[PDB]
Amino acid sequence: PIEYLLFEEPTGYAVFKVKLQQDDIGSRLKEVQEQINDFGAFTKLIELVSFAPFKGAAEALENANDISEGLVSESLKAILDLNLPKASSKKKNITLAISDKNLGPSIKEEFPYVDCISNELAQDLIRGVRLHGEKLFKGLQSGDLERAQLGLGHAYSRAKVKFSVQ
Amino acid sequence: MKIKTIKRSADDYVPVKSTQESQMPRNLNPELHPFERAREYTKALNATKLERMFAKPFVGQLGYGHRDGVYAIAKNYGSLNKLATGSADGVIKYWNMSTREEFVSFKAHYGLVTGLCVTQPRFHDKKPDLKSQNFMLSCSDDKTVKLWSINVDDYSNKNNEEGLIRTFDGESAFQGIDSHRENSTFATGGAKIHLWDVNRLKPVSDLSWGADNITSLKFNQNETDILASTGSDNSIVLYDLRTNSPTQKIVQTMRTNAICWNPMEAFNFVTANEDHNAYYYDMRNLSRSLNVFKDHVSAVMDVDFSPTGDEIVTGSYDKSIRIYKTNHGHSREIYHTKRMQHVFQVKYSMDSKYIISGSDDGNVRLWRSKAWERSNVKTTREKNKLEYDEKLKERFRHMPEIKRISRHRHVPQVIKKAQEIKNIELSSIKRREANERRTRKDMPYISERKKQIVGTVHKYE
Amino acid sequence: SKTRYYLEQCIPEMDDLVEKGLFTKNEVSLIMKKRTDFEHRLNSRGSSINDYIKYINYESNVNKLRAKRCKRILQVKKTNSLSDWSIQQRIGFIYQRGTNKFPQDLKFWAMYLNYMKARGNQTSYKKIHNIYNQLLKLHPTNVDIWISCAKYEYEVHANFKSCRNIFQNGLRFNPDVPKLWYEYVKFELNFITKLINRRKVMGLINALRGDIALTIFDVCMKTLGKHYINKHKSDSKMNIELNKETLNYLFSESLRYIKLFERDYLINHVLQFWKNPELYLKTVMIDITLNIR
Amino acid sequence: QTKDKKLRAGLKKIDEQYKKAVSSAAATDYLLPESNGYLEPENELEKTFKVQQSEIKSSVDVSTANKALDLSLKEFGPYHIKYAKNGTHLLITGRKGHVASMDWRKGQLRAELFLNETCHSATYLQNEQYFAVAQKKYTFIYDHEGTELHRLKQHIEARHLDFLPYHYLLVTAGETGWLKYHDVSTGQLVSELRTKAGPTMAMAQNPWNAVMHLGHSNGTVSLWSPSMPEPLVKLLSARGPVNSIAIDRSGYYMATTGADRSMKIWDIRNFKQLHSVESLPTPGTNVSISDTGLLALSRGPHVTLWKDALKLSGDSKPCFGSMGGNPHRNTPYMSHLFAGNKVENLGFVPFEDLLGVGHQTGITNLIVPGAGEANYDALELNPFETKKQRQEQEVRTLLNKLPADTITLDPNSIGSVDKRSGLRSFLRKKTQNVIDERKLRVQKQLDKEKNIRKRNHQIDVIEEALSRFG
Amino acid sequence: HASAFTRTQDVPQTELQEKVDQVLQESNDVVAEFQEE
């Protein structure tokens, strides 16, 4: 019961709809771990649904800072509001797989009909998505992830340190 | 003189591109595909050979185990990772089976842990978080019942109160436990079965035929107010909770160790019984067993229904596990290891895929329900081929070659020898009975399904 | 394989089509040769939107030929058959497959939408909704798509509340698009004028109105300035320079609003907001021209 | 039908499942890829057998005109022709030493062998790669390039070998009167059956059934299977010897030609000879069946083709000349006669419509409008095979090869049901003997009791007066 | 199942939403051997 997952990226947020569930007990087995590595089987387990790209470098930077501190940004708020179905706020909440335990509560207190998950299974799904990366986007236009990462890392670190031209 | 011949367009058959996939014309003309029976027979025979060379049951064990043999297992009927095991040491653990790890490990009681239930209470003081914590209920031999909390990582949705929420003192030594679902109401069989509520420290209701202790209990899955119980004057007693009273009683020739309803029929149960057998009963007509499951060689110790409702898994005091289908009456499959002994508890998994077995060498192993079905996701082509395999071998199941191959399973020498001895004794009984029949006049043809009931209380017709 | 699945799924309507006297065995067989070619080209790797498009085009021409054939050979507008909707069902199936394989191609998405809307007689209001939901989810930062969906809804059903919500969401994703804000204001004014004309017609048979658009302008103003600063955000000289440039940009936008534009009142409001050099000169000459008007 | 609800439901469910299956097969038929080719008059004055191969080549497609080979090898003996089951490679065996295996369409000579040993016949066995030839003495198995892979020694004097492809089995009937099934994958002579008859004259395989029809000198066809050492069945076809026998692809009809100028069409699946063409001016050298029920006869300088002769109608009976064009008479579909050659044999091209004849000069294909089956089935035989598909499919068939003994007279017989120290040793022998005798005595006593039971189921003045004294 | 059209939570999430909502609220031979065999 892992209906959706959220994946943050240097160029914006992505949201995937889980199609099948890998069996929960067998997860430590050679066979399911290999299907996470392989690309053919990961597509059977996951299809992308949404992708909101960041506006510019500054907006990406502050968004990464808020992800670090564990808050929800305006952009994340919007994309979740758009993708996630509205179930009853009392029974049958919708399951979303995130990467950060500390991100959980903020998402909840913004969306009381969603339930975050960071399990062994959800961490495996995040890992597979991160491994395959751009092949999963079916061609949706994304910046070069590696250059994005270099720029973002440098900006993040300079921000924390207070690097100065003086 | 209008004529034409077979002309092929190589453009149509051999594609212009290189990546484009050439087409495969098909013609279902029967005279074009010549051998049906022989071809399909050999496909089925190869299929069973492959089954035999792919049967790899054992999938792994749960951490380092228990110190002193496992005697209580309780799966969480809600989730799928979680089970709770308990040992004659007195130490109960709450396992995460996805990682083969343990959440906690409480030293619960001074004596044995005789029962475990896993649940969520319905407190009236508050509503304990069903999402951050699970709850567990141990039923001990030193006259106590304890309710524990477990911190479970299932959801990531918060950020104290770790263990032993509550303790229920008893007057007797408790001997089995189960918890009526969707009501938060448990029932414990010691010297007289008590219906307890979570919020009251005094047993709410007394249910007992007479003055006999009660070995074990189990509620049923559907129509959930029907409880069944097994007592040590080798009796099986159905209770109902809406009228709040015992309902009926059957007495067999030997004590029944455990009972499981089935979760798809709601009035059938199956009892693991010490005369090496498992008897499958209808509830409304308790005079006779629907079926008898046979192939054990020492006391059967536990049974469980697959949630699909069609298979049974039994574990005996002989050191092996057997899997049965509800309609046959002989073992589909036998699981056995040199390192597993006196299977005392068996639980079949809520995805129907696996089997957990607690054994008194102190270990909680877990096995595959069908020894083939790898857990990975299968491409549609492969999936179709596998389902085709299964259909073909179900079709040709009884041909002598295929039967020889797919029934050859290796069994420990103790079980082989015990089985041939038991066959000898049954032949002996049967032919002395034959001679007695040859002479005497009046002996009933006592049926194989009524042979095993000493007597019922409420006689009907 | 999967091609075999698709071809056999195509068989029964072919059976019906030959059964009714409007396609001969040979013609139908030729049709299937072409079908199989297309099916393998889609299924095999390396396929492309051009292949999906050509497949659609071929099927559409088959549909037209079938329609004219039934018009001529038996002079019936519509046979009560299986085929008559089967071909369009297969076209819809092709569109869905193509978009699930290449969710990048705006041109293909738009062909899909044009087809479905134009055939909208038998289609689903709900189906247009689903297509638009999926598209918007995939490409949230395409103000073109947001505007197109809003305009379709307002022009076809005129669900003013639904169009309003669409614009709200579109802004929530893209506060940076003055084109989007512009179109939102245009929709606001059109709705206002339609309502007032309805009031006029009720009067025939037997201002907060501006202020809504005023508020929209104010918040557009504020957030556009914000995001223009955020791009190219370091001392007093660059602070003043960026302030000047964003003032230039943003007041050019306000000039566009003036061009878009009762009318005197709204322009007036724009003028007071603006007051709150050469730009001052332009404002005051705008004032005198307004007084002329 | 029986008056039981449960059995009515069962048989109705099963029958309708069968009907669903066959309706699906018919839909596939609408989906077929191609169409057979034909030859019809349009008129009454002119007749089909009057057309000429030059006329056909002029009037038809260039690919087919190119495909209609004509090889002349006037050096070595008359040539014996075989096409691969795939329908692509051709294999010619001259009478003196010439053996060639050629791709036949792109004209790649796969292999050429010059043997002075008088070869007789040959066959690709399992692919285009391995092929077997006869010799003066032994049988030889050859690789694709032509290197001697094996010299099968036990197959002595092997005139008429043939390979049956689901069981992977090589059958080498010859002259001492002897028939040997040689499993070619595992390489072990599966079976070795003597024929009491004599030097087997002709031989052909029933493929619906995979049973070998030999044709002896008595005039008897005999149907053999590799399991048991007696003929499954025997038929008396003609008098004198039986020159040739050919079998429909459905294994339903057979044609036999015997040197007493006789020709027979037989219903194999019921063993009633449909009819007997006796008006035959010269003994028939050869006979073959196409894939579309088209009968080719060869009298040595002549080849004649009868369409639709394999049916049960009286009109089906083939003739050679009709007076006044009587419609109820079956004139030959299409004729041809060579100049002076003697057709060594003839075989149809599997998936085109050509029949290749081998004669004293060499090989000639005649374009027949409706001979071969236009639309094949990729899962079985691809005229187009990339090397990887071919090898993969080879391993596939190798896995699923049927067992040798499955060959029987009725290919469905698999399914049914039936319900199938010193003193110590000495004293041990005594006591075991005692236990045995004890068992026999108990048996006999039980039997007396049962016999009395059956009796109780089936149930003079002085003698009356004295009943009670015995 | 959430769409892009309907206001989901029915509570404003931006200054645009709240402002416009409150404004709109205000505005309301051979034979022989064969025989023998």
# chains A, B, ... in the order shown; residues from 1 in each chain; ligands from 1
$ residues_around --residues "residue 182 in chain D" --least-positions-apart "5" --cutoff "7 Å" --atoms "only C-alpha atoms" --output "MDAnalysis selection string"
chainID D and resid 169:171 187:191
$ select_by_dssp --residues "range 86-211 of chain C" --states "alpha helix (DSSP H)" --output "MDAnalysis selection string"
chainID C and resid 86:101 106:118 125:138 143:156 160:173 178:205 208:211
$ residues_around --residues "residue 157 in chain C" --least-positions-apart "6" --cutoff "10 Å" --atoms "only C-alpha atoms" --output "PyMOL selection string"
chain C and resi 125+151+163
$ closest_atom_pairs --of "chain D" --to "chain C" --cutoff "10 Å" --atoms "only C-alpha atoms" --output "tab-separated table"
residue	atom	partner	partner_atom	distance
D:24	CA	C:8	CA	9.1
D:27	CA	C:11	CA	6.4
D:28	CA	C:8	CA	7.2
D:29	CA	C:11	CA	9.7
D:30	CA	C:11	CA	7.3
D:31	CA	C:11	CA	6.9
D:32	CA	C:29	CA	8.0
D:33	CA	C:33	CA	7.1
D:34	CA	C:29	CA	8.0
D:35	CA	C:26	CA	9.1
$ write_last_selection --atoms "C-alpha atoms" --output "mmCIF file, in the first residue's frame"
data_model
loop_
_atom_site.group_PDB
_atom_site.id
_atom_site.type_symbol
_atom_site.label_atom_id
_atom_site.label_comp_id
_atom_site.auth_asym_id
_atom_site.auth_seq_id
_atom_site.Cartn_x
_atom_site.Cartn_y
_atom_site.Cartn_z
ATOM 1 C CA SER D 24 -11.018 -18.500 -32.509
ATOM 2 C CA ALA D 27 -10.998 -15.708 -36.832
ATOM 3 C CA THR D 28 -7.297 -16.395 -37.240
ATOM 4 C CA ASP D 29 -8.260 -17.605 -40.692
ATOM 5 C CA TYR D 30 -9.575 -14.137 -41.533
ATOM 6 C CA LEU D 31 -6.231 -12.930 -40.336
ATOM 7 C CA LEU D 32 -4.042 -15.151 -42.621
ATOM 8 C CA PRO D 33 -1.319 -13.301 -44.588
ATOM 9 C CA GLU D 34 -1.696 -14.581 -48.146
ATOM 10 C CA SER D 35 -3.682 -16.401 -50.822
#
$ closest_residue --among "C:3, C:44, C:24, C:169" --to "chain B" --atoms "only C-alpha atoms"
C:44
$ closest_residue --among "D:309, D:90, D:26, D:9" --to "residue 358 in chain D" --atoms "only C-alpha atoms"
D:90
$ closest_atom_pairs --of "chain B" --to "chain A" --cutoff "10 Å" --atoms "only C-alpha atoms" --output "Markdown table"
| residue | atom | partner | partner_atom | distance |
| --- | --- | --- | --- | --- |
| B:59 | CA | A:29 | CA | 8.3 |
| B:60 | CA | A:29 | CA | 9.4 |
| B:80 | CA | A:24 | CA | 7.1 |
| B:81 | CA | A:25 | CA | 6.2 |
| B:82 | CA | A:25 | CA | 9.4 |
| B:96 | CA | A:25 | CA | 8.7 |
| B:97 | CA | A:25 | CA | 5.7 |
| B:98 | CA | A:25 | CA | 4.3 |
| B:99 | CA | A:28 | CA | 6.4 |
| B:100 | CA | A:28 | CA | 8.3 |
| B:131 | CA | A:115 | CA | 9.5 |
| B:153 | CA | A:119 | CA | 7.0 |
| B:154 | CA | A:119 | CA | 6.5 |
| B:155 | CA | A:117 | CA | 4.8 |
| B:156 | CA | A:101 | CA | 5.2 |
| B:157 | CA | A:105 | CA | 4.8 |
| B:158 | CA | A:105 | CA | 5.3 |
| B:159 | CA | A:105 | CA | 7.0 |
| B:349 | CA | A:25 | CA | 9.4 |
| B:351 | CA | A:23 | CA | 8.5 |
| B:353 | CA | A:25 | CA | 9.1 |
| B:354 | CA | A:25 | CA | 8.3 |
| B:366 | CA | A:25 | CA | 9.8 |
| B:368 | CA | A:26 | CA | 9.7 |
| B:374 | CA | A:31 | CA | 7.3 |
| B:375 | CA | A:26 | CA | 6.4 |
| B:376 | CA | A:32 | CA | 5.0 |
| B:377 | CA | A:41 | CA | 6.9 |
| B:378 | CA | A:41 | CA | 8.0 |
| B:379 | CA | A:41 | CA | 7.9 |
$ residues_around --residues "range 3-19 of chain E" --least-positions-apart "2" --cutoff "6 Å" --atoms "only C-alpha atoms" --output "VMD selection string"
(chain C and resid 133 162 166) or (chain E and resid 21 to 22)
$ write_last_selection --atoms "N, CA, C and O atoms" --output "PDB file, in the first residue's frame"
ATOM      1  N   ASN C 133      -6.275  16.586 -17.266  1.00  0.00           N
ATOM      2  CA  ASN C 133      -5.618  16.332 -15.993  1.00  0.00           C
ATOM      3  C   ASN C 133      -4.256  15.715 -16.208  1.00  0.00           C
ATOM      4  O   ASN C 133      -3.258  16.182 -15.651  1.00  0.00           O
ATOM      5  N   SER C 162     -15.235  26.823 -12.727  1.00  0.00           N
ATOM      6  CA  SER C 162     -14.161  25.919 -13.103  1.00  0.00           C
ATOM      7  C   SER C 162     -13.030  26.671 -13.783  1.00  0.00           C
ATOM      8  O   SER C 162     -11.855  26.417 -13.504  1.00  0.00           O
ATOM      9  N   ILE C 166      -9.161  26.991 -12.564  1.00  0.00           N
ATOM     10  CA  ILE C 166      -8.039  26.687 -13.439  1.00  0.00           C
ATOM     11  C   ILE C 166      -7.021  27.798 -13.388  1.00  0.00           C
ATOM     12  O   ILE C 166      -5.819  27.558 -13.254  1.00  0.00           O
TER      13      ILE C 166
ATOM     14  N   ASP E  21     -11.978  35.226  -3.314  1.00  0.00           N
ATOM     15  CA  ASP E  21     -13.117  34.585  -2.677  1.00  0.00           C
ATOM     16  C   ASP E  21     -13.873  35.561  -1.798  1.00  0.00           C
ATOM     17  O   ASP E  21     -15.105  35.599  -1.830  1.00  0.00           O
ATOM     18  N   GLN E  22     -13.166  36.365  -1.011  1.00  0.00           N
ATOM     19  CA  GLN E  22     -13.895  37.261  -0.128  1.00  0.00           C
ATOM     20  C   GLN E  22     -14.576  38.379  -0.913  1.00  0.00           C
ATOM     21  O   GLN E  22     -15.706  38.764  -0.580  1.00  0.00           O
TER      22      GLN E  22
END
$ closest_atom_pairs --of "chain A" --to "chain C" --cutoff "6 Å" --atoms "only C-alpha atoms" --output "CSV"
residue,atom,partner,partner_atom,distance
A:50,CA,C:138,CA,4.8
A:51,CA,C:138,CA,5.9
A:140,CA,C:104,CA,5.2
$ atom_distance --atom1 "CA of residue 43 in chain D" --atom2 "CA of residue 2 in chain B"
10.7 Å
$ interface_residues --of "chain B" --to "chain D" --cutoff "7 Å" --atoms "only C-alpha atoms" --output "list in words"
residues 1, 2, 3, 4, 5, 6, 24, 25, 26, 27, 28, 31, 34, 37, 38, 39, 42 and 43 of chain B
$ write_last_selection --atoms "N, CA, C and O atoms" --output "PDB file, in the first residue's frame"
ATOM      1  N   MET B   1      -7.347 -17.866 -68.893  1.00  0.00           N
ATOM      2  CA  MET B   1      -5.945 -18.135 -68.671  1.00  0.00           C
ATOM      3  C   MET B   1      -5.451 -17.191 -67.569  1.00  0.00           C
ATOM      4  O   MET B   1      -4.259 -16.952 -67.419  1.00  0.00           O
ATOM      5  N   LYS B   2      -6.369 -16.662 -66.763  1.00  0.00           N
ATOM      6  CA  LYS B   2      -5.946 -15.807 -65.661  1.00  0.00           C
ATOM      7  C   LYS B   2      -5.242 -16.663 -64.626  1.00  0.00           C
ATOM      8  O   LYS B   2      -5.814 -17.623 -64.104  1.00  0.00           O
ATOM      9  N   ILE B   3      -3.992 -16.332 -64.351  1.00  0.00           N
ATOM     10  CA  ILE B   3      -3.177 -17.132 -63.462  1.00  0.00           C
ATOM     11  C   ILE B   3      -2.460 -16.205 -62.502  1.00  0.00           C
ATOM     12  O   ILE B   3      -2.220 -15.032 -62.791  1.00  0.00           O
ATOM     13  N   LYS B   4      -2.133 -16.744 -61.336  1.00  0.00           N
ATOM     14  CA  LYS B   4      -1.144 -16.111 -60.483  1.00  0.00           C
ATOM     15  C   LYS B   4      -0.595 -17.147 -59.529  1.00  0.00           C
ATOM     16  O   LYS B   4      -1.216 -18.186 -59.307  1.00  0.00           O
ATOM     17  N   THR B   5       0.548 -16.845 -58.962  1.00  0.00           N
ATOM     18  CA  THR B   5       1.261 -17.750 -58.099  1.00  0.00           C
ATOM     19  C   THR B   5       1.458 -17.104 -56.738  1.00  0.00           C
ATOM     20  O   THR B   5       1.089 -15.953 -56.508  1.00  0.00           O
ATOM     21  N   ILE B   6       2.051 -17.863 -55.825  1.00  0.00           N
ATOM     22  CA  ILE B   6       2.444 -17.343 -54.527  1.00  0.00           C
ATOM     23  C   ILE B   6       3.585 -16.369 -54.777  1.00  0.00           C
ATOM     24  O   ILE B   6       4.699 -16.772 -55.104  1.00  0.00           O
ATOM     25  N   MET B  24       5.777 -12.386 -37.743  1.00  0.00           N
ATOM     26  CA  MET B  24       5.675 -13.835 -37.630  1.00  0.00           C
ATOM     27  C   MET B  24       4.278 -14.206 -38.073  1.00  0.00           C
ATOM     28  O   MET B  24       3.324 -14.095 -37.299  1.00  0.00           O
ATOM     29  N   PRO B  25       4.111 -14.606 -39.324  1.00  0.00           N
ATOM     30  CA  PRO B  25       2.809 -15.097 -39.756  1.00  0.00           C
ATOM     31  C   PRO B  25       2.468 -16.352 -38.990  1.00  0.00           C
ATOM     32  O   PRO B  25       3.350 -17.130 -38.628  1.00  0.00           O
ATOM     33  N   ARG B  26       1.186 -16.541 -38.715  1.00  0.00           N
ATOM     34  CA  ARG B  26       0.744 -17.737 -38.024  1.00  0.00           C
ATOM     35  C   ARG B  26      -0.444 -18.321 -38.762  1.00  0.00           C
ATOM     36  O   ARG B  26      -1.269 -17.579 -39.300  1.00  0.00           O
ATOM     37  N   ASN B  27      -0.509 -19.642 -38.811  1.00  0.00           N
ATOM     38  CA  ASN B  27      -1.595 -20.358 -39.460  1.00  0.00           C
ATOM     39  C   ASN B  27      -2.036 -21.474 -38.538  1.00  0.00           C
ATOM     40  O   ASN B  27      -1.274 -22.409 -38.287  1.00  0.00           O
ATOM     41  N   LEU B  28      -3.262 -21.407 -38.065  1.00  0.00           N
ATOM     42  CA  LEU B  28      -3.712 -22.378 -37.088  1.00  0.00           C
ATOM     43  C   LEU B  28      -4.317 -23.601 -37.723  1.00  0.00           C
ATOM     44  O   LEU B  28      -5.247 -24.180 -37.170  1.00  0.00           O
ATOM     45  N   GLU B  31      -3.767 -29.525 -39.561  1.00  0.00           N
ATOM     46  CA  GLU B  31      -2.868 -30.415 -40.281  1.00  0.00           C
ATOM     47  C   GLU B  31      -1.506 -29.780 -40.453  1.00  0.00           C
ATOM     48  O   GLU B  31      -0.546 -30.459 -40.820  1.00  0.00           O
ATOM     49  N   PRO B  34       1.150 -30.771 -36.183  1.00  0.00           N
ATOM     50  CA  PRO B  34       0.733 -32.172 -36.272  1.00  0.00           C
ATOM     51  C   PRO B  34       0.491 -32.950 -34.991  1.00  0.00           C
ATOM     52  O   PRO B  34      -0.448 -33.746 -34.934  1.00  0.00           O
ATOM     53  N   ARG B  37      -1.148 -34.397 -28.694  1.00  0.00           N
ATOM     54  CA  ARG B  37      -1.028 -35.096 -27.427  1.00  0.00           C
ATOM     55  C   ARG B  37       0.417 -35.337 -27.053  1.00  0.00           C
ATOM     56  O   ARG B  37       0.819 -35.049 -25.929  1.00  0.00           O
ATOM     57  N   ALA B  38       1.213 -35.878 -27.961  1.00  0.00           N
ATOM     58  CA  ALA B  38       2.591 -36.163 -27.601  1.00  0.00           C
ATOM     59  C   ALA B  38       3.344 -34.885 -27.277  1.00  0.00           C
ATOM     60  O   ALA B  38       4.095 -34.828 -26.296  1.00  0.00           O
ATOM     61  N   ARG B  39       3.151 -33.848 -28.082  1.00  0.00           N
ATOM     62  CA  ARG B  39       3.854 -32.602 -27.840  1.00  0.00           C
ATOM     63  C   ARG B  39       3.495 -32.029 -26.485  1.00  0.00           C
ATOM     64  O   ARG B  39       4.376 -31.637 -25.714  1.00  0.00           O
ATOM     65  N   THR B  42       4.950 -34.043 -23.550  1.00  0.00           N
ATOM     66  CA  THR B  42       6.347 -33.764 -23.252  1.00  0.00           C
ATOM     67  C   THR B  42       6.541 -32.369 -22.687  1.00  0.00           C
ATOM     68  O   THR B  42       7.415 -32.171 -21.846  1.00  0.00           O
ATOM     69  N   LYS B  43       5.754 -31.387 -23.108  1.00  0.00           N
ATOM     70  CA  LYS B  43       5.872 -30.096 -22.443  1.00  0.00           C
ATOM     71  C   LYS B  43       5.543 -30.217 -20.966  1.00  0.00           C
ATOM     72  O   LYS B  43       6.254 -29.668 -20.122  1.00  0.00           O
TER      73      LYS B  43
END
$ residues_around --residues "residue 220 in chain D" --least-positions-apart "5" --cutoff "7 Å" --atoms "only C-alpha atoms" --output "VMD selection string"
chain D and resid 215 234 to 237
$ residues_around --residues "range 116-122 of chain D" --least-positions-apart "2" --cutoff "7 Å" --atoms "only C-alpha atoms" --output "PDB file with N, CA and C atoms, in the first residue's frame"
ATOM      1  N   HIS D  80      18.833 -36.904 -57.831  1.00  0.00           N
ATOM      2  CA  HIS D  80      17.772 -37.135 -56.868  1.00  0.00           C
ATOM      3  C   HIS D  80      17.624 -35.895 -56.008  1.00  0.00           C
ATOM      4  N   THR D  93      21.520 -35.150 -55.296  1.00  0.00           N
ATOM      5  CA  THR D  93      22.436 -36.270 -55.205  1.00  0.00           C
ATOM      6  C   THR D  93      22.490 -36.975 -56.544  1.00  0.00           C
ATOM      7  N   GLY D  94      23.617 -36.853 -57.230  1.00  0.00           N
ATOM      8  CA  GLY D  94      23.807 -37.523 -58.492  1.00  0.00           C
ATOM      9  C   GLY D  94      24.023 -38.995 -58.296  1.00  0.00           C
ATOM     10  N   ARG D  95      23.958 -39.728 -59.394  1.00  0.00           N
ATOM     11  CA  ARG D  95      24.053 -41.170 -59.273  1.00  0.00           C
ATOM     12  C   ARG D  95      25.478 -41.657 -59.143  1.00  0.00           C
ATOM     13  N   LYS D  96      26.468 -40.831 -59.453  1.00  0.00           N
ATOM     14  CA  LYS D  96      27.838 -41.311 -59.498  1.00  0.00           C
ATOM     15  C   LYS D  96      28.671 -40.794 -58.335  1.00  0.00           C
ATOM     16  N   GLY D  97      28.818 -39.488 -58.181  1.00  0.00           N
ATOM     17  CA  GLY D  97      29.351 -38.994 -56.935  1.00  0.00           C
ATOM     18  C   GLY D  97      28.883 -37.629 -56.488  1.00  0.00           C
ATOM     19  N   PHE D 114      32.335 -34.467 -54.171  1.00  0.00           N
ATOM     20  CA  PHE D 114      32.571 -35.342 -55.303  1.00  0.00           C
ATOM     21  C   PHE D 114      32.968 -36.705 -54.772  1.00  0.00           C
ATOM     22  N   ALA D 132      22.270 -36.139 -44.676  1.00  0.00           N
ATOM     23  CA  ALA D 132      22.710 -37.515 -44.776  1.00  0.00           C
ATOM     24  C   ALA D 132      22.588 -37.968 -46.213  1.00  0.00           C
ATOM     25  N   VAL D 133      23.529 -38.791 -46.652  1.00  0.00           N
ATOM     26  CA  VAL D 133      23.472 -39.381 -47.977  1.00  0.00           C
ATOM     27  C   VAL D 133      23.625 -40.883 -47.845  1.00  0.00           C
ATOM     28  N   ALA D 134      23.148 -41.588 -48.853  1.00  0.00           N
ATOM     29  CA  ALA D 134      23.416 -43.003 -48.992  1.00  0.00           C
ATOM     30  C   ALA D 134      24.725 -43.168 -49.745  1.00  0.00           C
ATOM     31  N   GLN D 135      25.264 -44.375 -49.731  1.00  0.00           N
ATOM     32  CA  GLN D 135      26.421 -44.660 -50.559  1.00  0.00           C
ATOM     33  C   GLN D 135      26.210 -45.962 -51.291  1.00  0.00           C
ATOM     34  N   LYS D 136      27.266 -46.490 -51.893  1.00  0.00           N
ATOM     35  CA  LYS D 136      27.207 -47.879 -52.310  1.00  0.00           C
ATOM     36  C   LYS D 136      27.030 -48.793 -51.115  1.00  0.00           C
ATOM     37  N   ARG D 159      19.190 -47.935 -49.337  1.00  0.00           N
ATOM     38  CA  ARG D 159      18.393 -47.310 -50.381  1.00  0.00           C
ATOM     39  C   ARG D 159      17.060 -46.971 -49.744  1.00  0.00           C
ATOM     40  N   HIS D 160      16.660 -45.715 -49.809  1.00  0.00           N
ATOM     41  CA  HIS D 160      15.521 -45.053 -49.175  1.00  0.00           C
ATOM     42  C   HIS D 160      15.718 -44.710 -47.714  1.00  0.00           C
TER      43      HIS D 160
END
$ atom_distance --atom1 "CA of residue 124 in chain D" --atom2 "CA of residue 285 in chain D"
23.4 Å
$ closest_atom_pairs --of "chain E" --to "chain D" --cutoff "12 Å" --atoms "only C-alpha atoms" --output "CSV"
residue,atom,partner,partner_atom,distance
E:29,CA,D:239,CA,8.6
E:30,CA,D:239,CA,6.5
E:31,CA,D:236,CA,8.0
E:32,CA,D:236,CA,11.1
E:33,CA,D:218,CA,9.1
E:34,CA,D:236,CA,7.4
E:35,CA,D:236,CA,10.2
E:37,CA,D:234,CA,10.1
$ write_last_selection --atoms "C-alpha atoms" --output "short mmCIF file (atom, residue, chain, number, x, y, z; two decimals), in the first residue's frame"
data_model
loop_
_atom_site.label_atom_id
_atom_site.label_comp_id
_atom_site.auth_asym_id
_atom_site.auth_seq_id
_atom_site.Cartn_x
_atom_site.Cartn_y
_atom_site.Cartn_z
CA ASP E 29 -1.06 -65.17 -57.21
CA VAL E 30 -0.39 -62.26 -54.90
CA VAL E 31 -4.01 -62.27 -53.80
CA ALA E 32 -3.54 -65.89 -52.80
CA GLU E 33 -0.57 -65.24 -50.53
CA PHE E 34 -2.38 -62.27 -49.03
CA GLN E 35 -5.34 -64.49 -48.20
CA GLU E 37 -1.35 -64.38 -44.52
#
